[PDB]
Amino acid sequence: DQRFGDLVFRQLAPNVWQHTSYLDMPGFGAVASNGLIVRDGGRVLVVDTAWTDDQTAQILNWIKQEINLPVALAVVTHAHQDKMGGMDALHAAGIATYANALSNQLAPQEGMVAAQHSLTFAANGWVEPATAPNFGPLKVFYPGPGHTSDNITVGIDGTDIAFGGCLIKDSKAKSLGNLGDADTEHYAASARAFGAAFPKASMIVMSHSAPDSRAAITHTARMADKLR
């Protein structure tokens, strides 16, 4: 792990890093939120912002120092603060941002700044290639409603890494966390769909725990089984 300001960065692969930011909440302590940084050729792709604009600006600052390649785009995985809280920092830097069309629709209602572009998805959950221009190794998949209705997931092609966001919890998790906006009926099936969408992926990255094995997916699905 590397510390940069109030943020932590961990290299997961030759071209993949995890960024970690924290938000303090009275009576619940500091909560970590993870996103991904991917170097693809002569450019950098980012998955999810940090909690805030200032923290997200630091991600860009870290990228400039450690990778020194222009950030081509960013993808945010749903309309909550830990994923889209720092959209302004991205837009201020002239970075093209992408989100589920539903996330952008929900964003103002959630007090979030919408992404500049909208992703749409086929009936099998895979992103419409026309909506995800120049995404490189990023394979975006909508597993169905779970943590939220708009939640999406990202696989990193050429690696053993898949990003489940807040949909997937680690194998040692006791709860599915914030179920405030959750679809308790479909959550389990959505978790399993994610696993099936990236079957060879052996490293599962998620929002609120260190990278885990595929057991995180199964364990999450089985916790969600008890919500039906």
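Take the two forms, find the largest set of C-alpha atoms that superpose within 1.5 Å, and that set is the rigid core. Heads up: residue numbers just count along the shown sequence, starting at 1.
Engineer: Consider 23 to 31 and 189 to 197 separately and indicate which one has Cα atoms farther, on average, from the shown form in 5 other deposited structures of this protein after rigid core alignment.
Structural biologist: Output: 23 to 31, the stretch lying farther off on average in 5 other deposited structures of this protein.
Engineer: Please compare 147 to 155 with 134 to 142 and say which has the higher mean C-alpha temperature factor in the record.
Structural biologist: Of 134 to 142 and 147 to 155, the stretch with the higher C-alpha B-factor average is 134 to 142.
Engineer: If you average the CA temperature factors as listed in the entry, which stretch comes out higher, 98 to 106 or 68 to 76?
Structural biologist: Taking the mean C-alpha B-factor of 68 to 76 and of 98 to 106, the larger value falls to 68 to 76.
Engineer: Which is it among 164, 195, 177, 35: the one with the largest CA B-factor in the entry?
Structural biologist: Spelled out: the listed residue with the top C-alpha B-factor is 177.
Engineer: Per the coordinate record, which of the options 160, 54, 170, 48 holds the highest CA temperature factor?
Structural biologist: The C-alpha B-factor peaks, among 160, 54, 170, 48, at 160.
Engineer: Hey, what third does residue 184 fall into on Cα B-factor, ranked over its chain?
Structural biologist: Residue 184: CA B-factor falls in the highest third of its chain.
Engineer: Where does the C-alpha B-factor of residue 21 rank in its chain, lowest, middle or highest third?
Structural biologist: Tercile = lowest for this residue's CA B-factor.
Engineer: Can you tell me which third, lowest, middle or highest, the CA B-factor of residue 113 falls into for its chain?
Structural biologist: As the PDB entry reports it, the C-alpha B-factor of residue 113 lands in the highest third of its chain.
Engineer: What third of the chain does residue 30 rank in for C-alpha temperature factor, lowest, middle or highest?
Structural biologist: Its C-alpha B-factor, which the entry lists for residue 30, ranks in the highest third among residues of this chain.
Engineer: Relative to the other modelled residues in the chain, which third contains the C-alpha temperature factor of residue 213: lowest, middle or highest?
Structural biologist: According to the entry, residue 213 has a C-alpha B-factor in the chain's middle third.
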